[PDB]
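Undergrad:
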Amino acid sequence: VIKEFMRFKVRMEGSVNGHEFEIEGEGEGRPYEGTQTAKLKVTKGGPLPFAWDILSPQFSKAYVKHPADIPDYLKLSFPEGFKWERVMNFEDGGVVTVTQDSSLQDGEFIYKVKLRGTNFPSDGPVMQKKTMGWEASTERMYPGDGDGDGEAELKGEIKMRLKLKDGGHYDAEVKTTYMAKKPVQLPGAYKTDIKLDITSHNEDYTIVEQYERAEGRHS
Ligand SMILES: [Ca+2]
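Residue numbers (the authors' numbering): 7 to 65, 69 to 228.
(1) Apply the 10 Å Cβ neighbour rule to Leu173 and answer buried if 16 or more other Cβ atoms are within range, or exposed otherwise.
(2) Do the CB positions of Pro53 and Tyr214 come within less than 9 Å of each other?
(3) Whose C-alpha, out of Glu26, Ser146 and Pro88, is nearest the C-alpha of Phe56?
(4) At 3 residues or longer, and completely inside the stretch 122–160: list those beta strand (DSSP E) runs for me, N to C.
(5) Does the structure place the stretch 40–48 close enough to the stretch 154–163 that three or more beta carbon pairs sit under 8 Å?
(6) Give the straight-line distance between the Cα atoms of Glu34 and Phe118, rounded to the nearest whole angstrom.
(7) With a threshold of 8 Å, are at least 3 pairs of Cβ atoms found where one atom belongs to the stretch 123–132 and the other to the stretch 143–156?
(8) Taking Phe91 as the reference, which of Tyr82, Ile216, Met97 and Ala181 has the closest Cα?
(9) When you compare each of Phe65, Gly197 and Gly116 to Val217 by their alpha carbons, which one comes out closest?
(10) Heavy atom of ligand 1 less than 8 Å from the Cβ of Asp110, yes or no?
(11) Indicate the three-state DSSP secondary structure (helix, strand or coil) for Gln109 in the structure shown.
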């Protein structure tokens, strides 16, 4: 059901320091090649009074290139799909939590994202829009119980680095649990290299285009 070319649709509802918003978007890519693009539109609550960059990594791990010796847990979860839950802890105290549901309907992926950002300084780089994109990341993947029910799924850990407009970087520690909706064979531990780029945007970041490349490899 996962073709060499696949489209997706995404909707995000969220709030950051109490500012509520909604985003709708579409994307496409080559799931076995590890490449994808997305175009997002702020449909409620725009222009956003915070950095787009804290949202960009929440808009698609079915598009990770895996070698044949790493079981592709998230691709194998389809057509039913998978869920993921994420916590990002930023170095100045900010917190972002996310829940996501991924399914396959009528030939395209459907992504439903819920996001809450809290504990951000009112004068910090996120609420003042003083960031300019993510450095490349390496996510450490490993089997484990992330939702506390005693049964293993797939976990990921990342140290992410956000570029600051004034120079230097703003770090976040990220933990994600990925849960297939049906029993799927789990891989052993491995690493995924990821780069997410903002490829275009309008003046107030109410229309934004993204490009991501991701590839798994042995540790
Ligand atoms: Ca579990």
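Heads up, the beta-carbon is just placed ideally off N, CA and C, and yes, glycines get one too.
TA: This is what the structure holds:
(1) Mapped onto the sequence shown, residue 173 falls at position 164. By the neighbour-count rule (16 or more Cβ atoms within 10 Å), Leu173 is not buried but exposed.
(2) Within the sequence shown, numbered from 1, the residue matching residue 53 stands at position 47. Within the sequence shown, numbered from 1, the residue matching residue 214 stands at position 205. A contact, by the Cβ cut-off of 9 Å.
(3) The count along the sequence shown starts at 1 and reaches residue 56 at position 50. Answer by Cα proximity: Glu26.
(4) 140–143 and 146–153
(5) no
(6) Locating residue 34 in the sequence shown gives position 28, counting from the first residue. Locating residue 118 in the sequence shown gives position 109, counting from the first residue. Straight-line Cα distance between these residues: approximately 9 Å.
(7) no
(8) For the purposes of this step, residue 91 is identified with residue 82 of the sequence shown, where counting begins at 1. The shortest Cα separation from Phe91 among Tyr82, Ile216, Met97 and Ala181 belongs to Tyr82.
(9) For the purposes of this step, residue 217 is taken as the residue at position 208 of the sequence shown. The candidate whose alpha carbon is nearest that of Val217 is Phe65.
(10) Counting from 1 along the sequence shown, the entry for residue 110 is found at position 101. It does not: the Cβ of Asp110 is nowhere closer than 8 Å to a heavy atom of ligand 1.
(11) Position 100 of the sequence shown, counted from the first residue, corresponds to residue 109. Here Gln109 sits in strand by DSSP.
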